[PDB]
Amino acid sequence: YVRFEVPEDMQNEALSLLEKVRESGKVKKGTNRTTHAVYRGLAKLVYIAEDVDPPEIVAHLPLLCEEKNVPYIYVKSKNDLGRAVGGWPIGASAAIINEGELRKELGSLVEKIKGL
């Protein structure tokens, strides 16, 4: 149900980046708080898992991100996404709120996301 294919090296970079931002910035795990952050203009980068069932849970997020000028990327499993964020290791979506020390790796990854 993805809107564009994300190659594995980008998914790997996105998740490694989320692990680092966890340490010095601010992350939100879960679709209700991810959606809220997007709507409030506070999300820097949104992660959407591809194995979300029922898929309607995350179906509105890509469009809302585009309307809010928020870049978003898909990753393979909500388990990988949850583990990268920490805490309870499952999440259908997540958002970076504060970039911490990773502004340059994030901007470089979003450049690649637009390239797709």
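Residue numbers run from 1 along the displayed sequence.
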Exercise for review: Output the stretch having the higher mean C-alpha B factor in the entry; the candidates are 59-67 and 35-43.
Suggested key: 59-67
Study note, to complete from the structure: Going by the entry, of stretches 92-100 and 5-13 the one with greater average Cα B-factor is 5-13
Exercise for review: Determine, from the deposited record, the chain-internal third of the Cα B-factor for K78: lowest, middle or highest.
Suggested key: middle
Exercise for review: Report the third (lowest, middle or highest) to which the CA temperature factor of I48 belongs, ranking only the modelled residues of the same chain.
Suggested key: lowest
